[PDB]
């Protein structure tokens, strides 16, 4: 299907993407493409527990509020034609109803990548449904 590349802006440990593309509210599933100085098998194993989705809409005075209902799952491949990377690891974002709605309504998504992941680089893709 059609693939929408979502530009992620890195600000230290945080990665932020704008979700204002109108096509995203019509049905989309998201994937992360990850490259790191960390060995590939280790990144596959640890990235789903190290990377945390941030709250796209928290209005509290608490810093670093997380978005619950985001399960990062390692995948063999993204089900769409995307730039190939021999050394990259791919992950699906298994979003709950509330998580998907929270990001789409806020028009934003954020991801925390700790320094333990090393020299990490993230790319976010959405595959539009039907």
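Residue numbers count along the first chain shown, from 1.
Original post:
Where do the C-alpha atoms have the higher mean temperature factor in this entry, in 52 to 60 or in 67 to 75?
Top reply: According to the entry, 52 to 60 carries the higher average C-alpha B-factor.
Subject >> Stretch with the higher entry mean CA B-factor, where the candidates are 16 to 24 and 114 to 122 >> reply: According to the entry, 16 to 24 carries the higher average C-alpha B-factor.
Original post:
From 105, 94, 42, 87, pick the one with the largest CA B-factor in the entry?
Top reply: Comparing C-alpha B-factors across 105, 94, 42, 87, the top value belongs to 105.
Original post:
If you rank every modelled residue in this chain by C-alpha B factor, which third holds residue 80: lowest, middle or highest?
Top reply: Answer is highest: the recorded C-alpha B-factor places it there.
Subject >> For residue 100, the third of its chain into which the C-alpha B factor falls >> reply: Ranked within chain, residue 100 CA B lands in the middle tercile.
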